[PDB]
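Backbone-built Cβ (ideal geometry, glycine too); neighbour counts: all protein chains shown. All of this is worked out from the model, or read from it or from the source named; no laboratory instrument gave them.
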2 protein chains.
Amino acid sequence: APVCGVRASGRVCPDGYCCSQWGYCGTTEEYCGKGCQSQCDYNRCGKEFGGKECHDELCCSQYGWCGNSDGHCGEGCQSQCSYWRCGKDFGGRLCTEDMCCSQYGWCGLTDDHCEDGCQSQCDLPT
Amino acid sequence: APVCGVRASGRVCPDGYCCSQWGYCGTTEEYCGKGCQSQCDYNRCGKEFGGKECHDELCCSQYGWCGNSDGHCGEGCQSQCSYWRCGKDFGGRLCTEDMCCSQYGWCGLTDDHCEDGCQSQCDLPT
């Protein structure tokens with residue numbers, strides 16, 4: 001049964017999640033896209049959105065979208081643009097998602113990131 | 001020794017992957033962003049890229065980036081926009097990654113998608 005929206009006493013979603021047109025909470029297109037009832041800006045950010053920053057330390061694109069693609073963290077990125085950088089050369093920042101910080105200062109979950117020279121969170125099955 | 005790039009006699013990565021400044025193959029910002037040596041438009045798509053479609057049936061956002069996160073399959077999507085849809089209203093289409101098809105024709109792994117009304121692949125994760 002619906003947990004949010006017009007079919008749920010106009011209740012909103014916890015943690016700022018989007019309430020889907022069908023009355024469920026989430027952060028994907030189904031919930032935040034067409035038909036979203038409330039808190040539809042969960043994945044939005046930037047100057048055009050009260051200057052809000054993204055959840056999960058994600059980059060804010062020049063179009064006010066949260067994400068970690070080069071389209072979000074690269075040219076035009078508005079905030080939290082150093083999502084993929086880490087280590088001694090970057091204030092000792094630790095990667096999110098427990099990613100390994102490579103010798104070159106890049107977050108990743110591959111062997112070459114967790115192998116020789118890994119700076120932090122080097123745990124990786126092998 | 002590097003597997004791609006100038007240090008590999010100009011060899012490019014397989015399957016269109018980006019070659020990083022360090023000579024390795026990947027699809028994230030480390031490989032496709034600044035310093036990328038070749039095949040840097042791996043995640044690009046749309047009108048600005050010869051009408052290219054995305055790999056892994058991902059949606060092409062209005063900004064020409066491949067993905068399935070919020071902002072890629074909704075308004076402005078250029079191609080393969082039905083990534084999250086499934087069910088009888090869609091000819092019986094099944095979800096990828098073994099996701100459940102909800103009663104409303106949306107793919108997901110949450111209880112409401114796999115429970116009452118689920119149309120296919122309702123095997124809740126264990």
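Some notes on this structure:
- Qualifying residue in region A:62-80 (condition: of a type in the set (D, E, K, R) and under 18 Å from B:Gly33 (Cβ atoms)): yes
- Contacts under 7 angstrom Cβ, first residue in region B:100-126 being within 15 Å of A:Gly23 (Cα to Cα), partner aromatic (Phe, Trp, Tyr), 6 or more apart: B:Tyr104/A:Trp22; B:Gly105/B:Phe90; B:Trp106/B:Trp84; B:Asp112/A:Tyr24; B:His113/B:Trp106
- Criterion (assigned by CATH to the domain that holds A:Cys4 and assigned to a loop (DSSP other than H, G, I, E, B)) met by exactly one of A:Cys36, A:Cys118, A:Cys122: A:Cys36
- For A:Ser79, the conditions (1) polar (S, T, N, Q); (2) within 13 Å of chain B (Cβ to nearest Cβ); (3) within 30 Å of A:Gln119 (Cβ to Cβ) are fulfilled apart from (2).
- Considered as a group, the residues in region B:109-126 that are within 14 Å of chain A (Cβ to nearest Cβ), out of contact with any strand residue (DSSP E or B) (no Cβ under 6 Å at 6 or more places or on another chain) and not aliphatic (A, V, I, L, M) include one that is surrounded by the most Cβ atoms within 10 Å (Cβ to Cβ), and that residue is B:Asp112.
- With respect to the conditions (1) assigned to a loop (DSSP other than H, G, I, E, B); (2) not assigned by CATH to the domain that holds A:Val6, A:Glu48 lacks only one, and its number is (1).
- Out of B:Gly71, B:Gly76, sole residue that is out of contact with any helix residue (DSSP H, G or I) (no Cβ under 6 Å at 6 or more places or on another chain), surrounded by 18 or more Cβ atoms within 10 Å (Cβ to Cβ) and part of a loop (DSSP other than H, G, I, E, B): B:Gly71
- Some residue of region B:84-91 being surrounded by 19 or more Cβ atoms within 10 Å (Cβ to Cβ), more than 28 Å from B:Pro125 (Cβ to Cβ) and facing another protein chain (nearest Cβ under 10 Å): no
- Residue ID - surrounded by the most Cβ atoms within 10 Å (Cβ to Cβ), chosen from residues in region B:1-21 that are within 11 Å of another protein chain (Cβ to nearest Cβ), within 22 Å of A:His72 (Cβ to Cβ) and without any contact (Cβ under 8 Å) to a residue 24 or more places away in the chain: B:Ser20
- Going through (1) touching a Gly at 6+ places or on another chain (Cβ under 6 Å); (2) assigned by CATH to the domain that holds A:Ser102 one by one, A:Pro2 falls short only on (2).
- Selection over region A:22-31 of residues that are part of a loop (DSSP other than H, G, I, E, B) and touching a residue at least 12 places away in the same chain (Cβ under 8 Å) gives a count of 4.
- Any hit, region B:68-80, residues being within 24 Å of A:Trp106 (Cα to Cα) and over 18 Å from the mean Cα position of the chain (by Cα): no
- Residue count for region A:22-57, restricted to those that are of a type outside the set (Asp, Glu), farther than 23 Å from B:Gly117 by Cα, out of contact with any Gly (no Cβ under 6 Å at 6 or more places or on another chain) and more than 8 Å from every other protein chain (Cβ to nearest Cβ): 8
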